[PDB]
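>>> Need a 3D model of the sequence below.
(one chain, ligands or ions: 2)
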Amino acid sequence: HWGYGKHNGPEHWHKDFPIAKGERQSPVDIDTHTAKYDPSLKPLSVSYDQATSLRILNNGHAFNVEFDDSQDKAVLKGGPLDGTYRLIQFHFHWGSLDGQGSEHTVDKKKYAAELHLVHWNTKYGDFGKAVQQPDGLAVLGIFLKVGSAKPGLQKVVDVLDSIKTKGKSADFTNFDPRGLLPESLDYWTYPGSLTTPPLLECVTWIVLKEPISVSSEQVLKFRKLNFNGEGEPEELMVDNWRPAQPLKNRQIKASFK
Ligand SMILES: Cc1cccn(O)c1=S
Ligand SMILES: [Zn+2]
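Numbers count the residues shown, from 1 in each chain. Ligands and ions are numbered 1, 2, ... in the order given. Below is the structure in question.
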């Protein structure tokens, strides 16, 4: 089944998921000179004060930090969105080396990793129904560069030992995702897809212009996770990113001048 290796990586996905070659796939390169300022965009509203994290899981492709999404507790609205989208999970994509790992690129620049905060449109009732809709998800994408540590990341890095291999989970309550955000909420936005199978075309992407800094030792800990399950040969969880896909008939809009 699908993964990030030579025989089951991104170039193979289209055989099980033909939407891989669709009209609104992600990630894409963000050409900053070509992205037009849209003064009708709103400021993004990120309301995470009531966020209830539950659990962290190694799903064999990434780790997910999951939230209670059974009430409007941690929501994204405004920016390019109509309506209210509820946080369900976040995860990252990262490299084996600091020079690669992000999925979106900015004038072809790759960051060391990229955080995805995944939210579903509450007009659709749940995540499953939302992913059948072209406006079912909003993902806030935040780039990571290696420099100073991000203190708000450390509780995630510290628990990774406990979910080393595929299928492991751990209790992960009272984590506050506000500690993962940069200062500015200036962003680029375009219609896209999940960047992992099933690659569904449901996503309003909102990609923050300002990266966060994480330390070398923090990203080193991501790279000790494993794609395999316990008892199988060790294959380090690195380079779980999809390269940029054709922009096709899409315009990337900037919320800022
Ligand atoms: C939106 C989303 C959901 C599940 C996995 N991944 O990678 C993404 S980007
Ligand atoms: Zn993702």
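>>> Give me every residue in the protein that's in contact range of ligand 2.
116, 195 (Cβ under 5 Å from the ion). Heads up, the C-betas are built off the backbone N, CA and C, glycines and all.
>>> where does the residue of the chain found nearest ligand 2 land in three-state SS?
Among the residues of the chain, residue 116 lies closest to ligand 2, at 3.7 Å counting by Cβ to the ion. Here residue 116 is recorded as strand under DSSP: H, G, I helix; E, B strand; the rest coil.
>>> what's the answer for residue 201, then?
coil.
>>> which secondary structure elements does the helix or strand hosting residue 93 contact?
Assignment of secondary structure by DSSP states H and E places residue 93 within strand 85-94. Here strand 85-94 touches strand 63-67, strand 75-78, strand 113-121, strand 137-146, helix 216-222, going by 3 or more Cβ pairs under 8 Å, 6 or more residues apart in numbering; DSSP states H and E.
>>> Now do the same contact list for residue 248.
Taking Cβ atoms under 8 Å, 6 or more residues apart in numbering, we find residue 248 in contact with 23-24.
>>> So which residues make contact with stretch 32-42?
Stretch 32-42 is contacted by residues 78-80, 106-107, 188-189, 251-257 when judged by Cβ under 8 Å, 6+ apart.
>>> those helices in this structure, which residues are they?
Per DSSP state H, the chain carries helices over the ranges 13-16, 127-130, 154-159, 216-222.
>>> Report all helices and strands that the longest one contacts.
In this case it means helix 216-222. On a contact count with 3+ Cβ pairs under 8 Å, 6+ apart, helix 216-222 meets strand 85-94, strand 137-146, helix 154-159.
>>> So for residue 233, which of those sits nearest?
Residue 233 lies closest, by Cβ to Cβ, to one member of the helices and strands packed on helix 216-222: strand 85-94, at 21.2 Å.
>>> export the closest one as PDB, just CAs?
The C-alpha coordinates for strand 85-94 follow below in PDB (Å, rounded to 0.1, in the frame of the first residue of the first chain):
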ATOM      1  CA  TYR A  85     -14.400  25.000  10.500                       C
ATOM      2  CA  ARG A  86     -13.600  22.800  13.500                       C
ATOM      3  CA  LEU A  87     -10.000  21.500  14.400                       C
ATOM      4  CA  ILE A  88      -9.900  17.700  14.300                       C
ATOM      5  CA  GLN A  89      -6.100  17.000  14.200                       C
ATOM      6  CA  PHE A  90      -2.800  18.400  13.400                       C
ATOM      7  CA  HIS A  91       0.300  16.700  11.900                       C
ATOM      8  CA  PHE A  92       3.500  17.500  10.200                       C
ATOM      9  CA  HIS A  93       5.500  16.500   7.100                       C
ATOM     10  CA  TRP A  94       9.300  16.600   7.400                       C
END
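>>> Not counting sequence-adjacent ones, nearest residue to residue 9?
Leaving out its chain neighbours, the residue that sits closest to residue 9 by Cβ to Cβ, 6 or more residues apart in numbering is residue 3, at 6.6 Å.
>>> returning to what we had before: now the strand holding residue 93: how far from the chain's centre is it?
Centroid separation for strand 85-94 versus its chain: 5 Å, with Cα atoms, centre = their mean, to the nearest Å.
>>> again with stretch 38-56
Centre-to-centre, stretch 38-56 and its host chain are 14 Å apart (Cα atoms, centre = their mean).
>>> Also stretch 90-108?
For stretch 90-108, the distance to the chain centre is 10 Å (Cα atoms, centre = their mean).
>>> Same question for stretch 115-135.
In terms of Cα atoms, centre = their mean, the centre of stretch 115-135 is set 14 Å apart from its chain centre.
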